[PDB]
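As a convention, Cβ positions derive from the backbone with ideal geometry for all residues, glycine included, and neighbour counts pool all protein chains shown. Derivation of every value follows stated rules applied to the coordinates shown; laboratory data play no part.
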There are 2 protein chains.
Amino acid sequence: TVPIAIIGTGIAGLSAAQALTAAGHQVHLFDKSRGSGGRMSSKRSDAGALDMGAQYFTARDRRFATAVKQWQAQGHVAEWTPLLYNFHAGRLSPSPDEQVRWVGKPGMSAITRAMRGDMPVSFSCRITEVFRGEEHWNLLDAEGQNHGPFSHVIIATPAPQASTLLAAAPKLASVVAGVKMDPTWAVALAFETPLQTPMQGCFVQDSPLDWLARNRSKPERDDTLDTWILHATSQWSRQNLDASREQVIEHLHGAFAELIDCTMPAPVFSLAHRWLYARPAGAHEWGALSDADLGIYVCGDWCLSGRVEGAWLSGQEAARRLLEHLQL
Amino acid sequence: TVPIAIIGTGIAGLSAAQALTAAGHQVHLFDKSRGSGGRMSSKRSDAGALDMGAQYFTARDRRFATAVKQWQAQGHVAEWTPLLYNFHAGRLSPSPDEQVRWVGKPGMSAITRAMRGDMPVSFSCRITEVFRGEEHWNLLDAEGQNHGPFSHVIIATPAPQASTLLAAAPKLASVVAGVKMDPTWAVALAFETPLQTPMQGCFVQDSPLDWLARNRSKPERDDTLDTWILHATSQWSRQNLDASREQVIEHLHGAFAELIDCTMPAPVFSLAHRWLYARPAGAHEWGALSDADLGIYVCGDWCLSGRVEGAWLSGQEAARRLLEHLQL
Ligand SMILES: Cc1cc2nc3c(=O)[nH]c(=O)nc-3n(C[C@H](O)[C@H](O)[C@H](O)COP(=O)(O)OP(=O)(O)OC[C@H]3O[C@@H](n4cnc5c(N)ncnc54)[C@H](O)[C@@H]3O)c2cc1C
Ligand SMILES: Cc1cc2nc3c(=O)[nH]c(=O)nc-3n(C[C@H](O)[C@H](O)[C@H](O)COP(=O)(O)OP(=O)(O)OC[C@H]3O[C@@H](n4cnc5c(N)ncnc54)[C@H](O)[C@@H]3O)c2cc1C
């Protein structure tokens with residue numbers, strides 16, 4: 001049988017995969033990484049899985065909220081209720097606690113790992129070319145290997161990366177190409193001695209740092225080492241896009257220490273990771289993009305809010321349009 | 001000093017490369033392939049180098065012509081005299097004893113190979129990302145390995161492969177993404193026993209074929225085997241894009257036999273190459289695209305005519321602008 005090709009296994013493509021599959025259709029998932037999860041990936045280091053991409057997420061839509069409800073039942077999601085702080089020259093505790101926040105149960109990557117479940121997925125496969133004959137669609141990866149035939153194709157990557165996958169639809173590529181993504185430099189520090197503060201999260205202004213989170217406070221995270229995640233602001237990340245990891249570990253570690261009143265020991269270890277296309281620069285309404293006649297559909301968080309849910313909804317939408325269009 | 005980055009070693013890119021280098025600025029070339037030449041490269045076979053991309057080229061423009069006579073004196077280009085015919089009302093013997101044609105000396109490839117010289121180059125290095133810091137330019141390749149710093153970047157790739165390398169300049173991106181490139185299936189057939197026809201080239205109608213050259217008629221080409229290159233109409237290539245090498249070799253071999261009034265032994269060997277982005281669908285006037293303050297330039301045959309000449313011009317033009325901007 002000729003399945004549907006989904007390029008991208010972050011929550012968007014995995015969302016389309018479920019929709020398509022629940023409606024009884026066959027798909028084949030592709031990703032350039034070793035594994036799935038995209039920007040929701042978790043990293044396993046000396047302190048257990050650290051969450052360095054998506055920090056937590058909310059649910060503002062009934063369907064999405066539903067999905068989350070399920071994942072919770074299955075144990076791949078819990079509620080994060082950290083003591084969040086703020087920064088206006090000094091940490092003051094904000095408490096928008098009326099706001100419910102969700103995280104992967106053992107790690108942010110657990111939601112995508114469960115959504116992937118048993119679907120056929122080709123990993124370490126960077127798709128390069130997407131074309132079609134009268135018949136079907138075909139993918140060419142970086143190794144010149146051909147993949148296909150495929151009935152339709154769903155591009156579920158960050159906009160800039162989607163551009164090269166859309167040469168079959170110039171007009172569509174043209175629009176996708178205008179979507180700007182902001183980068184974000186993330187650093188992770190792990191101390192042997194828990195920092196003496198009750199803080200577990202922090203929205204920061206006037207600092208290279210935009211956000212910080214006490215990773216061990218997240219439900220079910222290994223509590224052996226105190227570990228914090230630092231997220232640089234986009235302007236800083238942009239300005240320091242080419243800086244070395246250690247330099248970034250130097251500066252963001254510096255901004256962090258410069259903002260807590262207490263003492264901060266020598267880190268057992270520190271990691272740095274640059275996300276070139278972290279989140280969309282602006283917000284969008286598309287939901288998803290397409291040329292259904294042609295057979296190619298486009299989705300991702302940047303089609304909407306640039307949040308987990310946006311990404312999730314964008315997938316459902318692309319699937320929804322594919323299914324609808326099958327009435328040829 | 002920080003070298004300029006040129007992505008792509010087709011004539012367009014080595015063209016910019018020559019002008020910049022001749023002016024004193026160091027450059028670094030990159031190409032995902034093993035060797036340079038792009039669409040002008042020659043394929044090695046048991047029949048010796050075969051020209052399966054650009055077949056021949058004319059020099060209309062005066063500067064491009066100047067460059068050609070210099071290459072000829074260098075021994076890398078020579079004139080070609082193909083007895084052309086036409087298949088429309090049965091194959092007649094229609095020719096332009098007019099338009100002077102040129103081909104690279106040992107093989108088409110000789111021209112870019114000579115232009116490359118000992119220029120610093122990184123082969124089998126596919127660039128996937130091109131981003132800017134506060135000062136410099138950096139590139140990431142498919143290995144997730146960095147390259148830099150670079151003072152400027154010149155993208156010299158077929159438009160669709162450039163859209164992703166233009167994330168830092170969404171405005172340019174959007175313009176390049178809108179450019180359509182037409183595919184072209186190529187096939188090479190070597191015959192142990194020379195075909196019984198006196199011709200050496202031919203234009204074609206009402207068939208999937210479109211052009212064909214007797215590769216041995218070109219200057220300094222191996223003699224032993226009588227190799228023929230056959231190019232398929234763009235129209236056909238599109239409908240048979242997802243075709244298999246075998247299917248393609250089959251049909252174009254069929255169509256080629258179904259048009260010569262002679263005896264055709266089965267080939268000793270046969271090759272098929274699918275040039276996805278063979279030629280720009282339409283002509284353009286741009287000359288080159290760019291955002292000089294950002295220090296990012298884009299060039300290629302598709303910025304002009306879509307012929308070798310335009311590629312070489314676009315190359316010179318892109319270099320002209322980067323050099324002019326060096327007025328601070
Ligand atoms: C540092 C950071 C912090 C964030 N914090 C939050 C937050 O706190 N709350 C929130 O709601 N959201 C947050 N986000 C955003 C959220 O992570 C994303 O909106 C969401 O994960 C997007 O999912 P996606 O499917 O659209 O894209 P992704 O999951 O990013 O992409 C899917 C896949 O596309 C693959 N791919 C790309 N190109 C190709 C190719 N050519 N061939 C094959 N595969 C390819 C990639 O490998 C990737 O795995 C954050 C993002 C980052 C980076
Ligand atoms: C089948 C065919 C027949 C043709 N016949 C003729 C003819 O008879 N006469 C004529 O005048 N013209 C002809 N042309 C056109 C001519 O070949 C082109 O106009 C010219 O070669 C374009 O050169 P370029 O430098 O602009 O691009 P190219 O030569 O196509 O490409 C340059 C390089 O970009 C590299 N590259 C691409 N993406 C990346 C990346 N992301 N990272 C690193 N490297 C990358 C590629 O590997 C390639 O080596 C023909 C073309 C084709 C394909």
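Which of B:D46, B:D210, B:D222 moves most in a GNM of chain B, Cα contacts under 10 Å? The residue with the greatest mean-square fluctuation here is B:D46. Toward the positive end of the charge dipole of region A:94-229, with +1 on the Cβ of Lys and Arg and -1 on the Cβ of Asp and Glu, the farthest Cα among A:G107, A:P120, A:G133 is that of A:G133. If only the Cβ of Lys and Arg carry +1 and only the Cβ of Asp and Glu carry -1, the dipole of chain A around its Cα centre is close to 360 debye. Alpha-carbon geometry of region A:158-217: the Rg and the Dmax are 19.4, 57 Å, given in that order.
Before rounding to the nearest 500, sum -39500 (n - 2.57) across all DSSP H runs of length at least 4 in chain A and divide by the residue total; then give [θ] at 222 nm in deg cm²/dmol.
Helix contribution divided over all residues of chain A: -7500 deg cm²/dmol.
Computed from point charges on the beta carbon alone (+1 for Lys and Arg, -1 for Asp and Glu), the dipole magnitude for the protein assembly as shown about its Cα centre is near 80 Debye. Each of A:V68, B:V176 has some number of other Cβ atoms within 10 Å of its Cβ, and from fewest to most they run A:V68, B:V176. Take each residue of peptide B:266-277, count the partner chain Cβ atoms within 10 Å of its Cβ, and average: the result is 1. Simple rule: put +1 on each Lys or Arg Cβ and -1 on each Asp or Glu Cβ in region A:133-254, find the dipole, and look at A:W185, A:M199, A:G254; the Cα lying farthest toward the positive end is A:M199.
When the Gaussian network model of chain B links Cα atoms closer than 10 Å, the mean-square fluctuations of B:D226, B:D291, B:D261 top out at B:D261.
Annotation: average projected area of region A:1-128 is 10.7 square nanometres, based on the convex hull of Cα atoms across all directions.
Loop-located GluC sites (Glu not before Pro) across region B:41-129 with a Cβ neighbour count of 11 or fewer within 10 Å are B:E98, with loop assigned by DSSP.
Residues whose amide H comes within less than 5 Å of that of B:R101, counting only those at least five positions distant or on another chain, are B:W80 (H built at 1.01 Å from N in the peptide plane). In this simple spin-label model, placing a label point 7 Å from the Cα along the Cα-to-Cβ direction at both B:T263 and A:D261 gives a separation of 10.2 nm.
Looking at the protein assembly as shown from every direction and averaging, what is the projected area of its Cα convex hull in nm²? Present the calculation step by step, with values, prior to reporting the outcome.
Working: hull surface 127.5 nm².
Result: a mean projected hull area of 31.9 nm².
Using a simple spin-label model with pseudo-atoms 7 Å out from Cα toward Cβ, A:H325 and B:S93 lie 5.3 nm apart.
Placing a label point 7 Å from the Cα of A:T66 along the Cα-to-Cβ direction, the residues of region A:300-315 with a backbone N closer than 14 Å are A:313. Cross-link pairs exceeding 22 Å between alpha carbons, from the set A:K43/A:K105; B:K43/B:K218; A:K43/A:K218; A:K32/B:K32; A:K43/B:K32; A:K32/B:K171: A:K43/B:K32; A:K32/B:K171. Between A:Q74 and A:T197, full extension at 0.36 nm per residue minus the direct alpha carbon distance yields a gain of 41.0 nm. Net charge in the neighbourhood of A:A59 (other residues with Cβ under 12 Å of its Cβ; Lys, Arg +1, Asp, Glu -1) is +3. Under the convention that each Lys and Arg Cβ holds +1 and each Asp and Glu Cβ holds -1, the size of the dipole of region A:17-131 around its Cα centre is about 120 debye.
Between B:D46 and A:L294, the modelled label-to-label distance comes to 4.2 nm, taking each label 7 Å out from Cα in the direction of the beta carbon.
One way to sum up the overall shape of region B:91-150 is the equivalent ellipsoid from its Cα gyration tensor, whose semi-axes run 41, 15, 12 Å, largest first.
What is the diffusion coefficient of region B:189-328 in µm²/s, taking the Kirkwood radius over Cα pairs and the Stokes-Einstein relation at 4 °C with a viscosity of 1.567 mPa s? Answer, rounded: 73 µm²/s. Build a GNM of chain A with springs between Cα atoms under 10 Å apart, and of A:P267, A:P96, A:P219 the one that fluctuates most is A:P96.
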